[PDB]
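Undergrad: Starting off with a structure, shown below.
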Amino acid sequence: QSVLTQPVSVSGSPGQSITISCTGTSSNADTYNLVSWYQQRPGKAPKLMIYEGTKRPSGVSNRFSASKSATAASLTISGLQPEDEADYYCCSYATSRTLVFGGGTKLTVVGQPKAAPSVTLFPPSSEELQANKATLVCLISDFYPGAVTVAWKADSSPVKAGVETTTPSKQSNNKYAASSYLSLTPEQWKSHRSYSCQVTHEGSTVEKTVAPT
Amino acid sequence: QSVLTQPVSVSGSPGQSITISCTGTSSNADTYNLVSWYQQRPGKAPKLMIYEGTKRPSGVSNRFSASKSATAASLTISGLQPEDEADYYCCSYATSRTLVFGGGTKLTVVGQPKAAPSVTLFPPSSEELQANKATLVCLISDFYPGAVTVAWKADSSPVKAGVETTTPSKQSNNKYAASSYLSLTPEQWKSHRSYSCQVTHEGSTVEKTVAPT
Amino acid sequence: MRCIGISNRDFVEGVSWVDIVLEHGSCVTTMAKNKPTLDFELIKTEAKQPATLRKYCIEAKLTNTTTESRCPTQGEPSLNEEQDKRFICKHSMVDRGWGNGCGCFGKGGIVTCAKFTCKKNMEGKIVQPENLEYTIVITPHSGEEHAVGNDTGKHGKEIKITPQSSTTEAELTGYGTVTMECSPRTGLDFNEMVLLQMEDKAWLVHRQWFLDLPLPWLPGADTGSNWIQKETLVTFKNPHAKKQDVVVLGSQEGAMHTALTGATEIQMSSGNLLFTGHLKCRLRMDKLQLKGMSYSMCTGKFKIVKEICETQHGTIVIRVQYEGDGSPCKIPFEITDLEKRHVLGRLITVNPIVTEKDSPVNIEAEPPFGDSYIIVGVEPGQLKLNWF
Amino acid sequence: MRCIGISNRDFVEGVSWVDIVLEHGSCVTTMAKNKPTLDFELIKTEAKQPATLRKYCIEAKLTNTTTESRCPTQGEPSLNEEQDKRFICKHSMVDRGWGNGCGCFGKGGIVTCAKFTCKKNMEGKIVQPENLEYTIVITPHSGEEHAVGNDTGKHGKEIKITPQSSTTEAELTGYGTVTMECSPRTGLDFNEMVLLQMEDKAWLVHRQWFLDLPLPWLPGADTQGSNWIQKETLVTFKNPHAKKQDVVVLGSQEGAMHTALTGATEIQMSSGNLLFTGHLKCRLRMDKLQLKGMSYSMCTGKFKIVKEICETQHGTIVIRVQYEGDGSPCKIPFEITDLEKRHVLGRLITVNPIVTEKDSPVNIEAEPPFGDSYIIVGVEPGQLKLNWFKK
Amino acid sequence: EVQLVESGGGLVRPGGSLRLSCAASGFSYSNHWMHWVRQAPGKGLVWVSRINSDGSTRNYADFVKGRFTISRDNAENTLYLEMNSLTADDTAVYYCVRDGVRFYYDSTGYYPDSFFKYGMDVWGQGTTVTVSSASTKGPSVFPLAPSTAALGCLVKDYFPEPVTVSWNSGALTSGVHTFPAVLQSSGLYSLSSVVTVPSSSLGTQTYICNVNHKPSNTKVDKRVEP
Amino acid sequence: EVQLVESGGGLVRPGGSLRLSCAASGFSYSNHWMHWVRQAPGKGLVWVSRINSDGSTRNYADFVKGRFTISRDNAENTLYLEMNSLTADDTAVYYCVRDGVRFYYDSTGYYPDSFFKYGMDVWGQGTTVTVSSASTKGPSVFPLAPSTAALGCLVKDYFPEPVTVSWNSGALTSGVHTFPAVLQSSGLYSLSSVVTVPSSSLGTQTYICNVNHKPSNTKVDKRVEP
Ligand SMILES: *[C@@H]1O[C@H](CO[C@@H]2O[C@@H](C)[C@@H](O)[C@@H](O)[C@@H]2O)[C@@H](O[C@@H]2O[C@H](CO)[C@@H](O[C@@H]3O[C@H](CO[C@H]4O[C@H](CO)[C@@H](O)[C@H](O)[C@@H]4O)[C@@H](O)[C@H](O[C@H]4O[C@H](CO)[C@@H](O)[C@H](O)[C@@H]4O)[C@@H]3O)[C@H](O)[C@H]2NC(C)=O)[C@H](O)[C@H]1NC(C)=O
Ligand SMILES: *[C@@H]1O[C@H](CO[C@@H]2O[C@@H](C)[C@@H](O)[C@@H](O)[C@@H]2O)[C@@H](O[C@@H]2O[C@H](CO)[C@@H](O[C@@H]3O[C@H](CO[C@H]4O[C@H](CO)[C@@H](O)[C@H](O)[C@@H]4O)[C@@H](O)[C@H](O[C@H]4O[C@H](CO)[C@@H](O)[C@H](O)[C@@H]4O)[C@@H]3O)[C@H](O)[C@H]2NC(C)=O)[C@H](O)[C@H]1NC(C)=O
Ligand SMILES: *[C@@H]1O[C@H](CO)[C@@H](O)[C@H](O)[C@H]1NC(C)=O
């Protein structure tokens, strides 16, 4: 067995050198010796960037280099360019016969200053409640870079059942927006004192709360 | 091979004696010697009424008798009562190894006065046409007995593709109603000058016509 | 009346006890003076406490094939499947080198595993002679309208016997009891034999021979997925040291059939047998009695409901209905010459009686050779029929 | 260089002409004075004009079972299936009577028909010896950086031969042509032998024996046919008590056949191609073969050892080295002498090692001598000196 | 007495397989012929198949080119029908049926004599087999505008049954008739609901139909005007 | 140069089966290992399966307990993935991928050495597999009332994509953001559209969202008020 974890997001400035880590659990030196890296630009197919932990295939820009240790593997991009903004995935063997990918890292090339998300939480509409349904709508807007994490809570209890969240998308102003949904029955909504939407962006958390009453 | 055909409907009055015929194609005297009759009341399982052309099983009312000839087999009901308002099916061998049923005969026992059907034909609604669909709705109501036949026509050409008709059902006033559907594309509806719904009841026909224009 | 229509029928008569022999597809009709005529048939034989000795696979399937190899000096490869008892695995050596994904040149270990699944098997059952249950159906010649040849036996008293519990009294409703003291007469004794059961076929074979079969087997205890001796039907091929292949050796069903030619074949049916062995019984009728021997003769006339037919043994079956009054009453029956001078034929359905006027009676009788007169009832309206 | 790594490898040296023996899983390395070293391999054997003699059913299935009976004196029953050649039928007699649906008592005729469907078959093919196509792969010892044991064959010239068209000239890009005059030496002669093909296995058996097999067959003429002859050989009708007729199959004869085919010449098979036991004795003329670049100068620069020396199963060694100097295309200087550098000792396998591009390393295979040896590649300065051990 | 209970009916995808199983009790099952008969909704009886006591004789109707296999287990008093390659033409109720009369002539139930006397005297309640291709779907509702006068609402393409319709939130009940649904070739149901009202009311009184489809948790309120 | 083209992706019902098929060109297919990788929409890459040259070694990820079978046809330069018992967790784009580096070490592509050097250097464009259970539906639209201020419309349970939203018949365009749809566990899509307006305008200016779902030919105009 083996599970590879990567940072959710990494933000860099043009000309700078950024490093993305790939760490494993129940892994060893052979896991990282065999790590490969893949670049996936938005809406495009993945591209092989690194293999055998540190070897770069021909055609891949010399701005990409990689290192590996007995405990982690890392990809380094020197001279960050806007075209480097993409999702990066690490991959290695999970067992002697099977491969596994990391969770992915969204690499942001900073053109504009970092902006924290604005969060609006809407309760179920009276109309929807009349349809024997309930949907909590958590609106996240005007943030940069375009990586956020979302947590829902019923009272103080984290909730994951029924939660569906969109991938952040560019707004008309080049910043990002994303949406999160918590689907409930009217009885569920009404059974708790409150619900909360928690948005984490660049290590800070904004939580909005609404109540049935 | 052998195919058994029965009348679509037979209407009788209480106390009267009615006879339902079962005629065969590619059949012979042995087909009719082996004819069996089955009664099926609405929503009930079939019941064996006659076997071996003329033998009546015990329990079956003595008001039911049967005859057979070299060209047809017949079931005769003497003294019609409201309780026998079922569909009747004949059955025999199609080949030395296989059986076949007739198409069935709906026997109506006239309890209340005969009422000719009222027919309303509705064209597709503008809303449905906006959904790139079209359905002609032919409403048949207030008839007794509860047997009708339905024919659709595009201009003068009989149409059978896309036609779906309900089995007549009792109304709140004990007379019967039935519905018929003709499913078309908007282009099909619009390609003809008119459509017609033809309802036949007790040997008379009522035809309503509507046009796209 | 059940025996009527079966060609392999016996007519056994006993002076005033009577020994009979029952086998599958053979019926015995017994008659005795002032005793009811009875029909016996062996309807089923069953081995009830058979201990499965061994189950062999005759047709197998290999699935879920998995392989792992290692480069020279990198040790022995291993798969988890090697610890799964449903998998057959084998280690070999292949030629490795630069051109084959190894840094140096040598023999790299390989290992191939496949899931052994049986598609067709054979079971060996050990059966104890005393546990062979027989089901005999005794049908009295009661004349009832439909009793004649009715396999259902809803009129015949079923009785189960075993080579030990040989003596059984069977009560026949309206006729009393009949004592049966049977004995087995099998072809082979079950001692040192194994009942090799496959599909719908069955045979009796030597125990040591059975155990010496080179096929994958499962013990009686595991009836399971850890097939023993899987090697007997699986083969690993690595002829050029390049790749290892796993190949099945193909269904042994017909091979077994050929091997089982010089063996006593038994027919089978989902744990029941159609054994070729005869059951020798002794039957006592001292407690049997003719039902209704005190009733008086029928006065009215009789009707002939069904056309006279001749059986394969020259006997005739006549279905007649009583139209008169008096029921329950005795039908007068006689079969004399054309001049009515002396009775000639024999009665099979002795003491034919009417129970209900509506229900007709079936009388079976042996007419004499040539022209005969079947007289049923008494004048007036006494039926007079002519026989050839 | 393709042979490097295979255990069943032969080293044949010509005293101009050379007789070699190719078989499956065997490679042959040929060497000759001032001639390129070549690697030969039999990659595939194929019978292209095999005439199906007879097809036998070894596992069958009975379906579409139909029965008809008649009451006594009502004649013989009949089904249309009795005229369908895919059906097997049999007439018998059963005991009939009142208790059995007949107005009278007697022997009523019965008839049972079933559809004979084959699930597994065996095909016997007659193959003409001259129609046996062989595919040989010739890989020159070109030293190319990936040429070593590369199965792809983007390096060796594929050539097809047959027992008749025994002589073929094959051109090797940069080395000229090689004349091959081959001849088959199979284990058994194909005259009166039948290539009994079943599934992935194959055998060579006597013709009369094949034809005398008691199994259902389809003649070579009717292939994809449905009128299986002798269906009786796998079908049996049982009516032991005259009560009912049953149709029973005799069970797959696959393993029975395998047991019968023990004392037969087994052939491996693969969807109409054969891995055959026999060998191909060829004669090879190298008079038109030439060392590529026999007029080249010695490399002047120094060489780097890109990959650790490895030993093959036959004691020879393979050294992959990269040229760092200037001059390419140039001849690689190579020598294996004693520890005291007095006299050349080991032999060269990859004769005339040459450099084509500085970036592309070269693979040289040589037979070092027994014991301590010195592998000298290049020239002073920086002349590579490697000591090798040979037990 | 004697009864037959079928099982195994339900939703099957097109091309799918299903096994129907009928349990018989209270009569000498092993000696009787057994048949399968079917009935498309609202249509007539269609003979499907029969099997004798042994199972040596199994007959099928022409429409089952080999897709169904009938079978039986006498000791378990069970009858089976294995169905493959099912299509929309096969949607129907399937009845397990006993041939009790043949038992009166051949008590073994084995012999397949040509054109033998038969009688299907015992029938099961039937198991519903629905071969369709939707999972859940709420209806689309369209108005049938008046042209006394009759007006209504058409409830198109929903699945499964049932749909309920009221008028004016239940206030209009006189003259209301909600029709049985039809199953279309698409595998979806449609029905219509109509009300006959005085023609003089058509300009003044508003008529709204309230359609409720609980399986999809859908409610629609459609206004119907001339 | 070198290309891979996948086929067979589309809508499948839960529990259904599908066969994906990849055509390879421009390289010696028979000597390369081949893999299947998937990616749920907007989510990360997930390795699914691999097969060697021979087909003697076929490996699968733990989440495919045996439901998918990989296969290949070397002479046809084709790769297959047979998928059964599909669930909503399997909706994703499926990519056909070549292991070009392993070719550099083992040119046969046969030997399944443990932890061998590999590299997924050639990828197809991917085929979309959507495991769902609805076909057409106009949406239900609910207002997200203001509590500057943000207000919006929630467009729930429609299928398929896409839905378009305008505001005030296209008159309101500043500050409008229509969000990508989410696919729910029900197999239906939902999206939201928001506009940020001055809070002072909330009492005076009417805001109406115009939702158009062309596949169902449905339009809804919902007014959003505080
Ligand atoms: C083999 O034996 C079978 C059973 O033997 C029985 O065993 C003894 C112990 C008694 O139970 C005795 O009944 C039998 O001897 C035998 O099966 C039996 O056959 C009869 C037919 O003769 C079955 O049906 C019964 O008859 C009527 C038919 O009525 C018409 O014909 C009669 C003349 O035959 C006229 O009088 C009438 O006016 C009619 O014209 C059946 O309809 C009825 O069965 C059904 O009745 C109602 C219908 O709703 C149901 O409630 C019942 O459950 C039945 O469905 C009568 O029962 C009789 O049922 C049947 N018995 C059994 C147990 O099955 C068989 O005929 C013999 N065959 C041969 C070749 O030997
Ligand atoms: C068996 O033989 C195979 C082919 O044999 C050929 O024979 C000789 C005579 C020549 O014709 C030559 O073309 C072949 O060797 C052989 O396959 C070949 O292997 C090479 C890898 O060594 C393939 O890839 C090529 O290399 C680069 C990798 O660059 C990195 O490594 C090199 C050192 O190897 C460094 O210098 C670099 O800085 C990098 O670190 C590949 O990336 C590239 O392939 C791709 O290139 C672009 C990328 O966009 C695409 O357009 C291409 O289509 C490729 O996708 C180079 O081509 C080489 O492609 C491959 N040839 C063939 C025909 O497949 C194999 O290695 C041999 N194996 C054994 C065990 O002997
Ligand atoms: C491998 O085993 C699994 C688990 O039983 C099974 O589902 C699968 O079908 C097997 N593989 C093949 C190719 O049958």
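Identifiers in the structure tokens: chain A, B, ... in order shown; residue index from 1 per chain; ligand index from 1 in order shown.
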Hey, what's within 10 Å of range 160-172 of chain A if we count only C-alpha atoms and toss same-chain stuff fewer than 4 positions away? As a ChimeraX atom specification, please?

TA: /A:135-138,140-154,176-184 /F:41-43,174-185,190-191

Undergrad: Select the residues contacting ligand 3 at a distance of at most 9 Å, based on only C-alpha atoms and all ligand atoms, then format the selection as a count of residues only.

TA: 10

Undergrad: What residues of the protein or nucleic acid chains come within 8 Å of ligand 1 when you use only C-alpha atoms and all ligand atoms? Reply as an MDAnalysis selection string.

TA: (chainID B and resid 55:60) or (chainID C and resid 144:155) or (chainID D and resid 98:101) or (chainID E and resid 1:2 27:28 100:101 103:107 121:122)

Undergrad: Keeping only C-alpha atoms, write those residues as an mmCIF file, in the first residue's frame.

TA:
```cif
data_model
loop_
_atom_site.group_PDB
_atom_site.id
_atom_site.type_symbol
_atom_site.label_atom_id
_atom_site.label_comp_id
_atom_site.auth_asym_id
_atom_site.auth_seq_id
_atom_site.Cartn_x
_atom_site.Cartn_y
_atom_site.Cartn_z
ATOM 1 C CA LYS B 55 -67.192 -29.935 -21.896
ATOM 2 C CA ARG B 56 -67.969 -27.702 -18.912
ATOM 3 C CA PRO B 57 -65.912 -28.202 -15.720
ATOM 4 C CA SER B 58 -67.718 -28.549 -12.413
ATOM 5 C CA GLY B 59 -68.392 -25.254 -10.644
ATOM 6 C CA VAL B 60 -68.946 -23.366 -13.899
ATOM 7 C CA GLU C 144 -62.726 -47.362 -9.019
ATOM 8 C CA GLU C 145 -63.362 -45.479 -12.295
ATOM 9 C CA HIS C 146 -59.880 -43.976 -12.655
ATOM 10 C CA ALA C 147 -57.818 -46.399 -10.528
ATOM 11 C CA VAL C 148 -56.731 -48.127 -13.757
ATOM 12 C CA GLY C 149 -53.031 -47.492 -14.391
ATOM 13 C CA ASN C 150 -53.028 -44.308 -12.300
ATOM 14 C CA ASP C 151 -49.355 -43.633 -11.517
ATOM 15 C CA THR C 152 -50.266 -41.106 -8.801
ATOM 16 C CA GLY C 153 -51.019 -43.911 -6.373
ATOM 17 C CA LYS C 154 -53.600 -41.774 -4.565
ATOM 18 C CA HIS C 155 -55.410 -45.116 -4.239
ATOM 19 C CA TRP D 98 -55.775 -46.103 -20.308
ATOM 20 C CA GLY D 99 -53.464 -44.965 -17.506
ATOM 21 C CA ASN D 100 -51.249 -43.536 -20.186
ATOM 22 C CA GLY D 101 -53.594 -41.551 -22.475
ATOM 23 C CA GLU E 1 -57.324 -26.459 -1.986
ATOM 24 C CA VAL E 2 -54.705 -25.880 -4.678
ATOM 25 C CA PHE E 27 -51.789 -31.384 -5.818
ATOM 26 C CA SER E 28 -49.649 -34.075 -7.393
ATOM 27 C CA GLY E 100 -55.426 -30.282 -15.002
ATOM 28 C CA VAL E 101 -57.519 -32.108 -17.619
ATOM 29 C CA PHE E 103 -53.948 -35.358 -15.884
ATOM 30 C CA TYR E 104 -57.303 -37.137 -16.249
ATOM 31 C CA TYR E 105 -56.090 -38.917 -19.431
ATOM 32 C CA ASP E 106 -52.348 -39.395 -18.794
ATOM 33 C CA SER E 107 -51.689 -39.553 -15.068
ATOM 34 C CA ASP E 121 -57.849 -25.051 -15.154
ATOM 35 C CA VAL E 122 -55.579 -23.499 -12.476
#
```

Undergrad: I'd like the interatomic distance between CA of residue 214 in chain C and CA of residue 248 in chain C, to a tenth of an Å.

TA: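 CA of residue 248 in chain C lies 14.4 Å from CA of residue 214 in chain C.
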
Undergrad: Can you pull out the residues contacting residue 12 in chain C? Cut-off 8 Å, using only C-alpha atoms, and skip same-chain residues under 5 positions away; I want them as JSON, numbers by chain.

TA: {"C": [18, 20, 28, 29, 30, 31]}

Undergrad: What parts of range 79-176 of chain A does DSSP call alpha helix (DSSP H)? I'd like the answer as a count of residues only.

TA: 5
